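Following: one structure in structure tokens, then a few remarks.
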Amino acid sequence: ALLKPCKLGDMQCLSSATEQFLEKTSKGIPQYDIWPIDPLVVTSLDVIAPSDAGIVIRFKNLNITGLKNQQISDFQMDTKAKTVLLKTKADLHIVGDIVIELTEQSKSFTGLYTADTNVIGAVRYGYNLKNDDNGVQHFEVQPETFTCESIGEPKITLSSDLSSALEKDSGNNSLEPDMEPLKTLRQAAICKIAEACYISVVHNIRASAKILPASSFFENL
Ligand SMILES: CC[C@]1(C)O[C@@H]1CC/C(C)=C/CC/C(C)=C/C(=O)OC
């Protein structure tokens, strides 16, 4: 029992089912293919700066805490058109290796990246209801669409040496938020990190719905 079954529409039951689920799955369940979500590690993620093609940010081994305590802020399940809209509020703390490539100059900056913010992640997915060969009914959750509805106000830190290197390159005594690469680090990088998190989040729902009878998610249908 990793699932508490809920009546359709009871946000109270859903909220404590969500709490249960994230705790039970926080450090992963490899026999069910459930990825660890808190702490969630992201091997590798690149982001280009939307407003500068010559800045490549490469993240390695990001350590992300705070997903096991996400709160449902919107749930819209249409049992006719067979769709789900889920939105959650998460308090994220993110730490990891960062590589900043200024390709146009053939320069590079290695270091440690830190981010704290609250995000709101929005996922939309279709599903079907379908039986096993053993004759047990399962949800099949189709590939989801993700929106980074809110990135909050991120608090970004870089390593002390990484900072001094950029201060020496740019020519300013401080790191500059109205400029590159902090602008990308505050925004798009956050939007992308949040997407990686909700990919794992939605995969775990998918993965668990392969194993568990659909009646373990909702009682009537
Ligand atoms: C396959 C099930 C279904 C149709 O997609 C609907 C279930 C969505 C939710 C919130 C169920 C409550 C328990 C879970 C797993 C919460 C969760 O993982 O939050 C991130």
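No value in this document is a laboratory result; all are computed from the given coordinates. Here the Cβ positions follow ideal geometry from the backbone for every residue, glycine too, while neighbour counts run over all protein chains shown.
Worth a mention:
- Leading residue by the ranking (farthest from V42 (Cα to Cα)) among those in the range 191-215 that are hydroxyl-bearing (S, T, Y) and buried (at least 18 other Cβ atoms within 10 Å of the Cβ): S208
- The single condition among (1) away from the ligand (no atom under 16 Å from the Cβ); (2) in a helix (DSSP H, G or I) that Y198 does not meet is (1).
- Subset of the range 49-64 that is of a type in the set (G, A, S) and surrounded by fewer than 17 Cβ atoms within 10 Å (Cβ to Cβ) - its residue that is farthest from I199 (Cα to Cα): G54
- Meets criteria (of a type outside the set (G, A, S), within 15 Å of the ligand (Cβ to nearest atom) and under 14 Å from the mean Cα position of the chain (by Cα)) for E219: no
- Sub-7 Å Cβ pairs linking a first residue in the range 55-82 that is small (G, A, S) to a second residue that is not in a strand (DSSP E or B), at least 6 apart or interchain, are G66/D38, ordered by first then second residue.
- Some residue of the range 83-93 being in contact (Cβ under 8 Å) with a residue 12 or more places away in the chain, touching a strand residue (DSSP E or B) at 6+ places or on another chain (Cβ under 9 Å) and more than 23 Å from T25 (Cα to Cα): yes
- Filtered by the rule that a residue be part of a strand (DSSP E or B) and surrounded by 19 or more Cβ atoms within 10 Å (Cβ to Cβ), the range 157-190 gives a lone residue, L158.
- Search result, residues across the range 12-44 that are more than 12 Å from the ligand (Cβ to nearest atom), among the β-branched types (V, I, T) and in contact with a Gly (Cβ under 8 Å, 6 or more places away or on another chain): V42
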